[PDB]
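[1] Sequence, then structure. It's an experimental one.
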Amino acid sequence: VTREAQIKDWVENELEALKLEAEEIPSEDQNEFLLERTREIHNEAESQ
Amino acid sequence: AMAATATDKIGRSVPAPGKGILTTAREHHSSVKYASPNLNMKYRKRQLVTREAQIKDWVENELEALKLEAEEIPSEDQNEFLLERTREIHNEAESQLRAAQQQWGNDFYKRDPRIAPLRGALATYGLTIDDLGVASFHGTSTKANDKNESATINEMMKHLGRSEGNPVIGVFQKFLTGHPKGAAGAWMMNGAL
Amino acid sequence: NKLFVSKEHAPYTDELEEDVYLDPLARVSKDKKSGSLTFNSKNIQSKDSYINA
């Protein structure tokens, strides 16, 4: 449960970063990118 | 970095080979526009140093707790207890890191469909499919093996994005020796080195 | 005496043999023609799922 917090606070600090990043990079061809990384996040968070 | 075996289905017919290995190139090209950052080491590095802090701040919050605990429990038969748990801490802290590596350094692709093991067998060293210089072949001198041992190579490079004009060089270590039935893979795994 | 039913044709077809071999999210499905389980080109390197996992 300890690391779970760590695994939990980790994504928010990561998904928040897709905001300043995932739409500052591209056009609004965006959720195809989010889904490409958000999915990964939710996945990486799982395996982590 | 990679090793595998493969097969169609039940022991059904022996004397003919096939696709089986192509699955070492399984990956989901469904959408390749947004790059998979996992291949960029730097990304994988930050995640690591990140948890290292977590692995680092974790012990202090744990070793500090042996203070209020490890001498409030016993007599001063203490460092035999500390050493029993401190050691463990320093150890648990270790293993709690070398798990982060394999999430970020080695086993960062098993749990990803859109990266076949082979890219991830190599990307882990900053390599690319385009650096698979060579391929040692079963090279038996059969009508099919040499024919089907060679098609597949095409796909698994036709599928992983091997730059047109980056062929891989057929080595055939068998014109000398023969077919050592079960020994081959070494003779050709020796050559390789 | 029908516990054992020799497969005579695999789910994949020779045309799809390798389109699966490293598209790892190829789930076979029901073939209402046969009732059997056979792959379809509708779910092969379908980036619909090729990232979903």
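    Noted; the coordinates are in hand. Residues are numbered from 1 along each chain as shown, chains lettered A, B, ... in the order given.
[2] can we go C-alpha only for contacts and neighbour counts from here?
    OK.
[3] wait, what's in contact with residue 24?
    Because you didn't say which chain, this covers chain A. Under the criterion of Cα atoms under 8 Å, 6 or more residues apart in numbering or on different chains, residue A:24 has no neighbours.
[4] That was the other one, I meant chain C.
    Contacts of residue C:24 by Cα under 8 Å, 6+ apart are B:23, B:26-28, B:113, C:50.
[5] Distance of it relative to residue B:30?
    Per Cα to Cα, to the nearest Å, residue C:24 is found 11 Å from residue B:30.
[6] Could you count how many residues lie near residue C:18?
    Residues near residue C:18, counting by other Cα atoms under 10 Å in any protein chain shown, number 21.
[7] Distance check, it against residue B:38.
    Relative to residue B:38, and taking Cα to Cα, residue C:18 is found at 26 Å.
[8] Please apply the same query to residue C:23.
    For residue C:23 relative to residue B:38 (Cα to Cα), the value is 19 Å.
[9] for residue A:11, what are its contacts?
    A:41-42, A:45.
[10] could the contacts of residue C:24 go into JSON lines alongside distance to residue C:29 and secondary structure?
    Below are those laid out as JSON lines (distance: Cα to Cα, whole Å; DSSP: H, G, I helix; E, B strand; the rest coil):
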{"residue": "B:23", "distance to residue C:29": "20", "secondary structure": "helix"}
{"residue": "B:26", "distance to residue C:29": "19", "secondary structure": "coil"}
{"residue": "B:27", "distance to residue C:29": "20", "secondary structure": "coil"}
{"residue": "B:28", "distance to residue C:29": "18", "secondary structure": "coil"}
{"residue": "B:113", "distance to residue C:29": "20", "secondary structure": "coil"}
{"residue": "C:50", "distance to residue C:29": "17", "secondary structure": "coil"}
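[11] so can I have CSV of the residues you listed showing distance to residue C:12?
    Shown next, in CSV, are the contacts of residue C:24 (distance: Cα to Cα, whole Å):
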residue, distance to residue C:12
B:23, 14
B:26, 15
B:27, 17
B:28, 18
B:113, 20
C:50, 18
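[12] how deep is residue A:5 tucked in, by neighbour count?
    Using other Cα under 10 Å, residue A:5 is surrounded by 9 other residues.
[13] ditto for the one 4 residues further on
    Applying the criterion other Cα under 10 Å, we find 11 residues in the vicinity of residue A:9.
[14] Just give the closest residue to the residue nearest the centre of chain C, not the sequence neighbours.
    Geometric centre of chain C, nearest residue: residue C:39, 2.5 Å, by Cα atoms, centre = their mean. With sequence-adjacent residues excluded and distances taken as Cα to Cα, 6 or more residues apart in numbering or on different chains, residue C:39 is closest to residue C:28, at 4.6 Å.
[15] who's in contact with the spatially most central residue of chain A?
    Of all residues in chain A, the one closest to the mean position by Cα atoms, centre = their mean is residue A:15, 3.5 Å from it. Residue A:15 sits next to A:38, A:41 when contact means Cα under 8 Å, 6+ apart.
[16] Tell me how far it lies from residue A:22.
    Using Cα to Cα, residue A:15 is found at 10 Å from residue A:22.
[17] Counting neighbours, what do you get for the closest residue to chain B within chain A?
    Closest approach of chain A to chain B (Cα to the nearest Cα) occurs at residue A:33, with a separation of 5.0 Å. Neighbour count of residue A:33, defined by other Cα under 10 Å: 21.
[18] The nearest residue to it once chain neighbours are set aside and chain C: what is the separation?
    Nearest residue to residue A:33 in three dimensions, chain neighbours excluded: residue B:34, at 5.0 Å (Cα to Cα, 6+ apart). The spacing between residue B:34 and chain C, counted by Cα to the nearest Cα, to the nearest Å, is 11 Å.
[19] helix/strand/coil for residue B:34?
    Under DSSP: H, G, I helix; E, B strand; the rest coil, residue B:34 falls in the coil class.
[20] Touching, residue A:34 and residue A:16? I think so.
    No. Applying Cα atoms under 8 Å as the test, residue A:34 and residue A:16 come out as separate, 11.3 Å apart.
[21] Compare these two (neighbour count), which wins?
    Each of residue A:34 and residue A:16 has its neighbours counted (other Cα under 10 Å); residue A:34 has more, 19 against 11.
[22] So what touches stretch A:38-45?
    The contact list for stretch A:38-45 (Cα under 8 Å, 6+ apart) reads A:7-8, A:10-11, A:14-15, A:18, C:52.
[23] phi, psi of the nearest residue to residue C:10 once chain neighbours are set aside?
    Spatial nearest neighbour of residue C:10, chain neighbours left out: residue C:38 (7.5 Å); criterion: Cα to Cα, 6+ apart. Backbone torsions of residue C:38, given as degrees, to the nearest 10, read phi -140, psi 150.
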